[PDB]
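Have a look at the structure below, then the notes.
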Amino acid sequence: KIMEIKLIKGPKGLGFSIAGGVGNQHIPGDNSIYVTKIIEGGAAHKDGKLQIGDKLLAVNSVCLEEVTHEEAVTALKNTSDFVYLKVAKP
Amino acid sequence: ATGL
């Protein structure tokens, strides 16, 4: 089940960590980017939609499927205050 | 993992 998440980055940034990526599989066979910690009262947390275990599919139509950890991190660090996430739930 |  794919969902849309729209965020406003805060003073602690977006408020979550990721893993995975081509060459850094978080789950064997799966090169995807996964959300691994949602941080207390950060942006992601206040909004409430994003969940530990969520696959990230996109950020601002920069595509996060089959990319490297650092390609994903780059794209997520290269964001304004306005952040759109497309995710797939388990 | 990478904090964002």
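The way I read the labels, and the way they are meant: chains A, B, ... in the order of the structure tokens, residue 1 as the first residue of every chain, and ligand 1 as the first ligand shown, with later ones counted on from there.
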Show me, as JSON, numbers by chain, the residues of chain A whose atoms get within 9 Å of chain B, using only C-alpha atoms for the distance check. {"A": [12, 13, 14, 15, 16, 17, 18, 19, 20, 34, 35, 36, 37, 69, 73, 76, 77]}
Where does DSSP see strand (DSSP E or B) in chain A, if you list the residues as an MDAnalysis selection string? chainID A and resid 2:8 10 13 16:20 27 30 33:38 55:59 62:63 82:88
Interatomic distance, atom CA of residue 27 of chain A to atom CA of residue 61 of chain A (Å, one decimal): 24.0 Å
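Compared by their closest atoms to residue 82 of chain A, and using only C-alpha atoms, the residues A:2, A:63, A:38, A:7 rank with A:7 nearest.
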Find the residues around residue 4 of chain A up to 7 Å (only C-alpha atoms counted), leave out those fewer than 5 positions away in its own chain, and share them as an MDAnalysis selection string. chainID A and resid 85:87
